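**Student:** Dropping in work.txt, which is compact mmCIF, C-alpha atoms:
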# COMPACT_ATOMS: atom_id res chain seq x y z
CA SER A 1 -152.24 -143.46 -52.15
CA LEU A 2 -148.87 -141.87 -51.62
CA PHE A 3 -148.48 -138.11 -51.99
CA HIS A 4 -145.85 -136.10 -53.80
CA UNK A 5 -146.83 -132.36 -53.22
CA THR A 6 -144.44 -128.72 -57.35
CA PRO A 7 -141.82 -129.55 -59.91
CA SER B 1 -148.66 -112.84 -33.04
CA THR B 2 -148.50 -116.59 -33.09
CA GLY B 3 -150.55 -119.56 -34.19
CA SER B 4 -150.70 -123.26 -33.32
CA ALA B 5 -152.68 -125.94 -35.02
CA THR B 6 -152.92 -129.68 -34.73
CA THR B 7 -152.33 -131.71 -37.87
CA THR B 8 -153.87 -135.17 -38.10
CA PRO B 9 -153.00 -138.17 -40.32
CA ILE B 10 -155.62 -138.87 -42.90
CA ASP B 11 -155.19 -142.66 -42.53
CA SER B 12 -153.44 -145.36 -40.52
CA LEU B 13 -150.24 -145.16 -42.62
CA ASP B 14 -149.66 -141.38 -42.18
CA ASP B 15 -149.99 -140.96 -45.95
CA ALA B 16 -150.73 -137.18 -45.47
CA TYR B 17 -151.72 -134.88 -42.64
CA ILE B 18 -154.63 -132.44 -42.54
CA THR B 19 -154.90 -129.19 -40.58
CA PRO B 20 -158.07 -127.20 -40.05
CA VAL B 21 -158.05 -123.72 -41.63
CA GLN B 22 -160.70 -121.04 -41.21
CA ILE B 23 -161.51 -119.12 -44.37
CA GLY B 24 -163.92 -116.18 -44.67
CA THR B 25 -166.58 -114.58 -42.52
CA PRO B 26 -168.34 -116.33 -40.94
CA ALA B 27 -165.60 -118.93 -40.89
CA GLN B 28 -165.70 -121.87 -43.27
CA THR B 29 -163.39 -124.51 -41.89
CA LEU B 30 -161.57 -126.65 -44.42
CA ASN B 31 -158.99 -129.38 -43.76
CA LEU B 32 -155.92 -128.57 -45.79
CA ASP B 33 -152.69 -130.41 -46.47
CA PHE B 34 -149.79 -128.08 -45.44
CA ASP B 35 -147.12 -128.50 -48.09
CA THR B 36 -143.65 -127.04 -47.68
CA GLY B 37 -142.95 -128.05 -51.24
CA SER B 38 -145.38 -125.68 -52.99
CA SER B 39 -146.62 -122.12 -52.65
CA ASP B 40 -150.34 -122.07 -53.53
CA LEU B 41 -153.23 -122.00 -51.04
CA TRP B 42 -156.03 -123.58 -53.01
CA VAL B 43 -159.33 -125.11 -52.06
CA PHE B 44 -162.22 -127.12 -53.37
CA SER B 45 -164.98 -124.68 -53.86
CA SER B 46 -168.53 -123.95 -55.01
CA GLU B 47 -166.89 -123.42 -58.44
CA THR B 48 -165.33 -126.88 -58.64
CA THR B 49 -166.84 -129.02 -61.36
CA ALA B 50 -169.54 -131.06 -59.53
CA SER B 51 -168.42 -134.40 -60.82
CA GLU B 52 -164.93 -133.69 -59.40
CA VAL B 53 -166.17 -133.24 -55.84
CA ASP B 54 -166.69 -136.42 -53.78
CA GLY B 55 -166.99 -135.74 -50.11
CA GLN B 56 -164.74 -132.78 -49.73
CA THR B 57 -165.76 -129.69 -47.79
CA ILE B 58 -165.96 -126.72 -50.17
CA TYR B 59 -165.29 -123.01 -49.83
CA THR B 60 -168.20 -120.87 -51.04
CA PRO B 61 -167.00 -117.34 -51.49
CA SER B 62 -170.51 -115.95 -51.98
CA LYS B 63 -171.27 -116.90 -48.34
CA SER B 64 -168.24 -114.97 -47.06
CA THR B 65 -168.76 -111.28 -46.43
CA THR B 66 -165.01 -110.67 -46.60
CA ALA B 67 -164.34 -112.53 -49.88
CA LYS B 68 -163.50 -110.44 -52.92
CA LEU B 69 -162.74 -111.69 -56.46
CA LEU B 70 -159.18 -110.97 -57.41
CA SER B 71 -160.17 -109.82 -60.86
CA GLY B 72 -158.35 -111.44 -63.72
CA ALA B 73 -156.19 -113.75 -61.64
CA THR B 74 -155.98 -117.41 -62.47
CA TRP B 75 -153.86 -120.23 -61.26
CA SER B 76 -152.80 -123.67 -62.40
CA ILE B 77 -150.48 -126.16 -60.67
CA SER B 78 -149.07 -129.68 -61.08
CA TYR B 79 -147.36 -131.72 -58.39
CA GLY B 80 -144.66 -134.34 -58.41
CA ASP B 81 -146.98 -137.17 -59.48
CA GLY B 82 -148.67 -135.18 -62.19
CA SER B 83 -151.79 -134.50 -60.16
CA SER B 84 -153.09 -130.98 -60.86
CA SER B 85 -155.70 -128.32 -60.21
CA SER B 86 -156.60 -124.89 -61.54
CA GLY B 87 -159.05 -122.02 -61.08
CA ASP B 88 -159.63 -118.44 -60.10
CA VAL B 89 -158.69 -116.40 -57.07
CA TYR B 90 -160.39 -114.64 -54.18
CA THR B 91 -158.91 -112.65 -51.41
CA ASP B 92 -160.34 -113.39 -47.95
CA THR B 93 -159.44 -113.68 -44.31
CA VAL B 94 -157.60 -116.93 -43.44
CA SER B 95 -156.82 -118.13 -39.94
CA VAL B 96 -154.62 -121.03 -38.79
CA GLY B 97 -154.40 -121.97 -35.24
CA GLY B 98 -155.45 -118.53 -34.06
CA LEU B 99 -153.19 -116.58 -36.44
CA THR B 100 -155.15 -114.42 -38.89
CA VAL B 101 -154.14 -112.98 -42.24
CA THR B 102 -156.43 -110.55 -44.00
CA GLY B 103 -156.32 -110.36 -47.76
CA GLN B 104 -154.87 -113.77 -48.33
CA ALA B 105 -155.14 -115.07 -51.85
CA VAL B 106 -157.42 -118.11 -51.72
CA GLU B 107 -157.20 -120.00 -54.99
CA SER B 108 -160.60 -121.54 -55.78
CA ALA B 109 -160.49 -124.69 -57.87
CA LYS B 110 -162.59 -124.94 -60.97
CA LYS B 111 -160.86 -128.20 -61.94
CA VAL B 112 -159.04 -130.89 -59.99
CA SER B 113 -157.55 -134.09 -61.26
CA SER B 114 -158.86 -137.59 -60.37
CA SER B 115 -156.43 -138.27 -57.57
CA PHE B 116 -157.81 -135.19 -55.73
CA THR B 117 -161.45 -136.13 -56.26
CA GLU B 118 -160.67 -139.59 -54.88
CA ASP B 119 -159.35 -138.25 -51.57
CA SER B 120 -162.36 -137.09 -49.61
CA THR B 121 -160.28 -136.09 -46.58
CA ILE B 122 -158.20 -133.32 -48.23
CA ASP B 123 -160.09 -130.12 -48.96
CA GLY B 124 -157.14 -128.29 -50.53
CA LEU B 125 -153.52 -127.43 -49.96
CA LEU B 126 -151.73 -124.68 -48.06
CA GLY B 127 -148.32 -124.03 -49.58
CA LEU B 128 -145.35 -123.06 -47.36
CA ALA B 129 -142.49 -122.94 -49.84
CA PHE B 130 -141.20 -119.66 -51.13
CA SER B 131 -143.63 -117.27 -52.78
CA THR B 132 -141.52 -117.31 -55.99
CA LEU B 133 -143.23 -120.65 -56.74
CA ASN B 134 -146.78 -119.26 -56.54
CA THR B 135 -148.68 -119.94 -59.74
CA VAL B 136 -151.12 -117.02 -59.77
CA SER B 137 -151.08 -114.98 -62.95
CA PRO B 138 -150.73 -112.18 -63.93
CA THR B 139 -149.80 -111.04 -60.42
CA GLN B 140 -148.01 -113.63 -58.29
CA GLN B 141 -149.40 -113.95 -54.76
CA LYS B 142 -147.78 -114.47 -51.38
CA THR B 143 -148.06 -117.51 -49.16
CA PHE B 144 -149.93 -117.50 -45.91
CA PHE B 145 -146.54 -117.51 -44.10
CA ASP B 146 -145.09 -114.67 -46.18
CA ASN B 147 -148.25 -112.60 -45.44
CA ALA B 148 -148.16 -113.43 -41.70
CA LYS B 149 -144.40 -112.91 -41.22
CA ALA B 150 -144.24 -109.33 -40.31
CA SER B 151 -146.97 -109.84 -37.65
CA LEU B 152 -145.29 -112.92 -36.14
CA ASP B 153 -143.23 -112.72 -32.95
CA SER B 154 -140.39 -114.55 -34.86
CA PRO B 155 -140.43 -115.17 -38.61
CA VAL B 156 -140.59 -118.99 -38.26
CA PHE B 157 -142.85 -121.92 -38.50
CA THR B 158 -142.32 -125.36 -37.08
CA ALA B 159 -143.49 -128.80 -38.13
CA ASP B 160 -143.82 -131.58 -35.53
CA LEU B 161 -145.39 -134.41 -37.30
CA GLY B 162 -146.52 -137.48 -35.45
CA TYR B 163 -145.88 -141.17 -36.10
CA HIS B 164 -149.30 -142.73 -36.36
CA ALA B 165 -150.61 -139.80 -34.35
CA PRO B 166 -151.41 -136.08 -34.61
CA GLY B 167 -148.74 -133.43 -34.57
CA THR B 168 -148.47 -129.71 -34.55
CA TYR B 169 -147.68 -126.75 -36.89
CA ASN B 170 -146.67 -123.66 -34.95
CA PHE B 171 -146.25 -120.14 -36.40
CA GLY B 172 -144.14 -117.42 -34.86
CA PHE B 173 -142.44 -119.30 -32.05
CA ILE B 174 -140.30 -122.27 -31.10
CA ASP B 175 -141.86 -124.52 -28.47
CA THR B 176 -138.82 -125.54 -26.48
CA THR B 177 -140.75 -128.35 -24.73
CA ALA B 178 -141.46 -130.10 -28.09
CA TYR B 179 -137.97 -131.52 -28.70
CA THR B 180 -135.03 -133.09 -26.88
CA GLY B 181 -131.48 -131.90 -27.03
CA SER B 182 -130.58 -128.97 -29.24
CA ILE B 183 -131.81 -127.73 -32.57
CA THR B 184 -129.10 -127.94 -35.31
CA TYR B 185 -129.51 -125.31 -37.98
CA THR B 186 -128.37 -125.67 -41.55
CA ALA B 187 -128.25 -123.47 -44.60
CA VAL B 188 -131.10 -123.20 -47.09
CA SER B 189 -130.88 -122.46 -50.80
CA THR B 190 -133.93 -120.72 -52.13
CA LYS B 191 -132.71 -120.86 -55.76
CA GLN B 192 -135.40 -123.34 -56.72
CA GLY B 193 -138.07 -121.90 -54.43
CA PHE B 194 -137.88 -124.87 -51.99
CA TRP B 195 -136.58 -125.39 -48.50
CA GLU B 196 -133.47 -126.94 -50.01
CA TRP B 197 -130.63 -128.07 -47.73
CA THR B 198 -127.74 -130.50 -47.65
CA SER B 199 -127.58 -133.43 -45.33
CA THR B 200 -124.11 -134.47 -44.14
CA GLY B 201 -124.60 -138.23 -44.60
CA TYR B 202 -126.35 -141.37 -43.46
CA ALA B 203 -126.24 -144.65 -41.55
CA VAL B 204 -128.24 -147.83 -41.88
CA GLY B 205 -129.15 -149.41 -38.58
CA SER B 206 -126.17 -149.68 -36.24
CA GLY B 207 -123.80 -149.29 -39.16
CA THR B 208 -120.99 -146.83 -39.62
CA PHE B 209 -122.05 -143.22 -40.56
CA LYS B 210 -121.16 -142.45 -44.18
CA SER B 211 -120.18 -138.80 -44.58
CA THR B 212 -121.54 -137.57 -47.90
CA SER B 213 -123.46 -134.46 -49.03
CA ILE B 214 -127.05 -135.14 -49.96
CA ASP B 215 -128.92 -132.12 -51.34
CA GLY B 216 -132.62 -132.27 -50.94
CA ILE B 217 -135.86 -130.52 -50.03
CA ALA B 218 -137.94 -130.56 -46.88
CA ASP B 219 -141.41 -131.40 -48.23
CA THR B 220 -144.22 -131.95 -45.77
CA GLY B 221 -146.48 -132.69 -48.72
CA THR B 222 -144.54 -135.80 -49.73
CA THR B 223 -145.16 -139.04 -47.85
CA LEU B 224 -141.90 -140.88 -48.27
CA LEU B 225 -138.12 -140.33 -48.17
CA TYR B 226 -136.57 -140.18 -51.63
CA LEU B 227 -132.80 -140.52 -51.77
CA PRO B 228 -130.05 -141.43 -54.26
CA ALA B 229 -130.11 -145.01 -55.51
CA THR B 230 -126.77 -145.76 -53.83
CA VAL B 231 -128.10 -144.84 -50.42
CA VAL B 232 -131.43 -146.60 -50.93
CA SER B 233 -129.79 -149.80 -52.11
CA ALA B 234 -127.53 -149.85 -49.07
CA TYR B 235 -130.60 -149.60 -46.84
CA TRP B 236 -132.66 -152.32 -48.44
CA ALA B 237 -129.64 -154.63 -48.63
CA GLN B 238 -129.96 -155.02 -44.90
CA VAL B 239 -133.57 -156.33 -45.15
CA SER B 240 -134.00 -160.06 -46.00
CA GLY B 241 -136.07 -160.50 -49.08
CA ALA B 242 -136.33 -156.86 -49.99
CA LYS B 243 -136.19 -155.95 -53.65
CA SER B 244 -136.91 -153.22 -56.14
CA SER B 245 -140.03 -154.18 -58.05
CA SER B 246 -140.54 -152.54 -61.39
CA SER B 247 -144.22 -153.59 -61.43
CA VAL B 248 -144.99 -152.17 -58.00
CA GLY B 249 -142.90 -149.06 -58.49
CA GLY B 250 -140.26 -149.32 -55.86
CA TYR B 251 -138.70 -151.30 -53.07
CA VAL B 252 -140.87 -153.83 -51.35
CA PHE B 253 -140.08 -156.14 -48.51
CA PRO B 254 -141.66 -159.10 -46.72
CA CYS B 255 -144.23 -158.14 -44.22
CA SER B 256 -142.52 -160.56 -41.79
CA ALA B 257 -139.28 -158.56 -41.85
CA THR B 258 -137.98 -156.25 -39.16
CA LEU B 259 -136.63 -153.02 -40.57
CA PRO B 260 -133.48 -151.28 -39.52
CA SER B 261 -133.41 -147.63 -38.58
CA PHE B 262 -132.09 -144.98 -40.94
CA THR B 263 -130.02 -142.08 -39.72
CA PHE B 264 -129.44 -138.78 -41.58
CA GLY B 265 -127.00 -136.13 -40.76
CA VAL B 266 -127.71 -132.48 -40.11
CA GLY B 267 -124.38 -130.86 -39.65
CA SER B 268 -122.62 -132.74 -36.90
CA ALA B 269 -125.99 -133.93 -35.54
CA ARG B 270 -127.97 -137.01 -36.39
CA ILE B 271 -131.72 -137.71 -36.83
CA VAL B 272 -132.73 -141.38 -36.38
CA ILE B 273 -135.74 -142.65 -38.29
CA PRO B 274 -136.93 -145.82 -36.51
CA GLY B 275 -137.45 -148.85 -38.62
CA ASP B 276 -141.17 -148.87 -37.93
CA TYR B 277 -141.52 -145.52 -39.63
CA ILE B 278 -140.26 -147.05 -42.88
CA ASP B 279 -143.08 -149.69 -43.09
CA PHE B 280 -145.89 -148.53 -45.37
CA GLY B 281 -147.83 -151.80 -45.21
CA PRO B 282 -149.07 -154.23 -47.68
CA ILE B 283 -148.95 -153.19 -51.32
CA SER B 284 -152.53 -154.33 -51.71
CA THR B 285 -154.95 -155.63 -49.08
CA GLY B 286 -153.94 -158.97 -47.87
CA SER B 287 -150.52 -159.01 -49.51
CA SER B 288 -147.45 -160.26 -47.71
CA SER B 289 -145.32 -157.73 -49.67
CA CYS B 290 -145.00 -154.36 -48.00
CA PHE B 291 -144.05 -151.03 -49.53
CA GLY B 292 -140.89 -149.37 -48.29
CA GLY B 293 -140.75 -145.86 -46.93
CA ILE B 294 -137.29 -145.10 -48.35
CA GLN B 295 -137.31 -145.03 -52.14
CA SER B 296 -135.01 -143.90 -54.92
CA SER B 297 -135.08 -140.36 -56.20
CA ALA B 298 -133.45 -141.34 -59.43
CA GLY B 299 -136.60 -140.73 -61.49
CA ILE B 300 -137.31 -137.30 -59.89
CA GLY B 301 -134.38 -135.01 -60.23
CA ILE B 302 -134.23 -134.07 -56.57
CA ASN B 303 -133.92 -135.76 -53.22
CA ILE B 304 -136.98 -135.33 -51.00
CA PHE B 305 -137.08 -135.41 -47.25
CA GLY B 306 -140.73 -136.11 -46.92
CA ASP B 307 -142.89 -137.05 -43.94
CA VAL B 308 -140.99 -140.31 -43.15
CA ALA B 309 -137.96 -138.27 -42.34
CA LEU B 310 -139.60 -135.12 -41.08
CA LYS B 311 -141.78 -136.95 -38.55
CA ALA B 312 -138.66 -138.22 -36.81
CA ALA B 313 -137.71 -134.59 -36.01
CA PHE B 314 -138.84 -131.27 -34.74
CA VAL B 315 -138.26 -129.07 -37.79
CA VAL B 316 -137.85 -125.28 -37.76
CA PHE B 317 -138.48 -123.41 -41.02
CA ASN B 318 -136.70 -120.10 -40.36
CA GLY B 319 -137.89 -117.45 -42.80
CA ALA B 320 -135.50 -114.71 -41.74
CA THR B 321 -133.82 -112.63 -44.50
CA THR B 322 -131.35 -115.53 -44.87
CA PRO B 323 -133.52 -118.63 -44.38
CA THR B 324 -132.31 -121.68 -42.47
CA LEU B 325 -133.71 -125.05 -41.40
CA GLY B 326 -133.38 -126.47 -37.93
CA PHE B 327 -133.71 -130.09 -36.87
CA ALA B 328 -134.03 -131.59 -33.43
CA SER B 329 -134.64 -135.04 -32.08
CA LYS B 330 -137.87 -135.53 -30.17
Written as structure tokens, how would this file's structure read?
**Tutor:**
Amino acid sequence: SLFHXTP
Amino acid sequence: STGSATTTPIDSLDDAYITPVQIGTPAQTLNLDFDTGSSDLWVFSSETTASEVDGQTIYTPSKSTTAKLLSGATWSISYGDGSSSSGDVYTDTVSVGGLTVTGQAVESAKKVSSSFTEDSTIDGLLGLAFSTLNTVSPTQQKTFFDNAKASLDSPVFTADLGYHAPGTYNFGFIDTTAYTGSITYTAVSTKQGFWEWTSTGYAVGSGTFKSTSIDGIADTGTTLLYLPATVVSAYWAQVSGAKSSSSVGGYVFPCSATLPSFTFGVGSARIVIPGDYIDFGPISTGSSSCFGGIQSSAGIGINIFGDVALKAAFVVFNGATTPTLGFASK
């Protein structure tokens, strides 16, 4: 997987 | 004081990096993902739903003589892909690389979403964005860095991520042997709680540098580089056979292709991302389509300088009263 750490 | 810890890729693509963190007394060592794009230090724990734990190392506060429940505090967070976790809070001693903070808020997960369960190598996250983003309620908590700052020799941390190799997170000092040339510093906006800065432009391969302001965040917790569609299209235009695939979810390119470098500006200085750093391998095992490491931010709302970009540099996160970011070649 790819990661996308907070909107 | 200072600290220094090695961070290691979790896989052969550098999808994320893990750093060992000691929590409690006696120490329980967990491998956390250091994330400059969030502000919670949370861990799998003895309280995490059992079915949601698959291989991770857990924190067990009852086995730590220094742990104390932070009564009434809860936390809940979501990340950029909708993955999430939530739980309760302990205070305990936390050490990174030899640097110790007492009374750090350690957020113990009761619940984690599927994408967390599925990654056995990541035991939790250590947030390094501004403490204004911390999700603990009713009393917001400080980050490990904000807690350590006053003890540090200099109120900085540095990220030196490796390409297909380990790197280093340093706290409290700048290792002048870790980079070449000079460090170029640039202004940070903390208005959204991120390490937000503005790049001065870009170049594709040996092409002319295009001067243009690109606002974005330095996010160690993001794998790829997410940039405006204009910029991204100009990159992939220089790769034969590359295309944006709706079904795959971004730009793909033939595995047989050689990728050009991508340069971003930091002030009057330039950081070159080699082409190899932009290859994220086959979309599925055995495919001859590969996933690109530069993708559009158009769906997101912000540009993100994630690990693809950051690993091409020595990056200084300067947490002085007026924060700044520094970049050097290495």
**Student:** Counting all atoms listed in the file, a student should be able to say which residues of chain B come within 9 Å of chain A; what is the right answer, written as a list in words?
**Tutor:**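 The selection requested is residues 15, 16, 35, 36, 37, 38, 39, 77, 78, 79, 80, 81, 82, 83, 115, 119, 125, 133, 219, 220, 221, 222, 223, 224, 300 and 306 of chain B.
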**Student:** Which protein, DNA or RNA residues have an atom at most 8 Å from (-147.1, -118.0, -50.5), counting all atoms listed in the file? List them as a PyMOL selection string.
**Tutor:** chain B and resi 39-41+127-134+141-147
**Student:** Could you check how far atom CA of residue 270 of chain B sits from atom CA of residue 329 of chain B, in Å to one decimal?
**Tutor:** 8.2 Å
**Student:** Just want the 12 Å neighbourhood of residue 165 of chain B, counted on only C-alpha atoms, with same-chain residues fewer than 5 positions away dropped. Output as a list in words.
**Tutor:**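 The filter keeps residues 6, 7, 8, 9, 10, 11, 12, 13, 14, 15, 16, 17, 18, 160, 277 and 311 of chain B.
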**Student:** Give me, please, the distance in Å between atom CA of residue 227 of chain B and atom CA of residue 304 of chain B, quoted to one decimal.
**Tutor:**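 Here the two named atoms are 6.7 Å from each other.
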**Student:** Can you tell me, as a list in words, what residues are no more than 9 Å from residue 47 of chain B when counting only C-alpha atoms, ignoring any on the same chain fewer than 6 positions away?
**Tutor:**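 Here the answer would be residues 58, 59, 60, 87, 88, 108, 109, 110 and 111 of chain B.
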**Student:** For residue 188 of chain B, which residue out of B:310, B:325, B:257, B:50 is the nearest one, using all atoms listed in the file?
**Tutor:**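 When distances to residue 188 of chain B are compared using all atoms listed in the file, the smallest one comes from B:325.
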**Student:** Is it possible to get the residues within 12 Å of (-138.1, -146.8, -53.2) (coordinates as in the file, counting all atoms listed in the file) written as an NGL selection string?
**Tutor:** (:A and (2)) or (:B and (223-236 or 242-246 or 248-253 or 278-280 or 290-300 or 303-304))
**Student:** So that I can see what lies close to residue 106 of chain B, please list as an mmCIF file with C-alpha atoms, in the frame of the given file the residues with an atom at most 8 Å from it, counting only C-alpha atoms and leaving out residues fewer than 3 positions away in the same chain.
**Tutor:**
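The resulting file, around_34.cif, is shown below:
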data_model
loop_
_atom_site.group_PDB
_atom_site.id
_atom_site.type_symbol
_atom_site.label_atom_id
_atom_site.label_comp_id
_atom_site.auth_asym_id
_atom_site.auth_seq_id
_atom_site.Cartn_x
_atom_site.Cartn_y
_atom_site.Cartn_z
ATOM 1 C CA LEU B 41 -153.230 -122.000 -51.040
ATOM 2 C CA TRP B 42 -156.030 -123.580 -53.010
ATOM 3 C CA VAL B 43 -159.330 -125.110 -52.060
ATOM 4 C CA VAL B 89 -158.690 -116.400 -57.070
ATOM 5 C CA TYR B 90 -160.390 -114.640 -54.180
ATOM 6 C CA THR B 91 -158.910 -112.650 -51.410
ATOM 7 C CA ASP B 92 -160.340 -113.390 -47.950
#
**Student:** So the first atom is atom CA of residue 205 of chain B and the second is atom CA of residue 178 of chain B; what is the distance between them in Å, to one decimal place?
**Tutor:**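 Going from atom CA of residue 205 of chain B over to atom CA of residue 178 of chain B covers 25.2 Å.
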**Student:** Please put the answer as JSON: centre and edge lengths, in Å with one decimal, of a box along x, y and z that encloses all listed atoms of chain A plus 8 Å on each side.
**Tutor:**
{"center_x": -147.0, "center_y": -136.1, "center_z": -55.8, "size_x": 26.4, "size_y": 30.7, "size_z": 24.3}
**Student:** Select chain A in the preceding structure and write N, CA, C and O atoms to a file as a compact mmCIF listing (two decimals), in the first residue's frame.
**Tutor:**
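Dumped everything to result.txt:
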# COMPACT_ATOMS: atom_id res chain seq x y z
N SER A 1 0.83 -1.24 0.00
CA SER A 1 0.00 0.00 0.00
C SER A 1 0.85 1.26 0.00
O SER A 1 2.03 1.31 0.48
N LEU A 2 0.19 2.33 -0.45
CA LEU A 2 0.74 3.68 -0.27
C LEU A 2 0.16 4.29 1.03
O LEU A 2 -0.90 3.90 1.50
N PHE A 3 0.87 5.24 1.59
CA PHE A 3 0.47 5.89 2.81
C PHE A 3 0.21 7.36 2.62
O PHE A 3 0.87 8.00 1.77
N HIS A 4 -0.63 7.94 3.44
CA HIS A 4 -1.15 9.27 3.26
C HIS A 4 -1.29 9.95 4.60
O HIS A 4 -2.31 10.60 4.89
N UNK A 5 -0.35 9.79 5.60
CA UNK A 5 -0.55 10.22 7.00
C UNK A 5 -2.69 13.46 7.46
O UNK A 5 -3.31 12.52 7.09
N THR A 6 -3.08 14.36 8.52
CA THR A 6 -4.47 14.31 8.96
C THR A 6 -5.19 15.51 8.39
O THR A 6 -4.80 16.64 8.64
N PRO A 7 -6.24 15.26 7.60
CA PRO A 7 -6.91 16.33 6.93
C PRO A 7 -7.70 17.21 7.84
O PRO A 7 -7.94 18.44 7.63
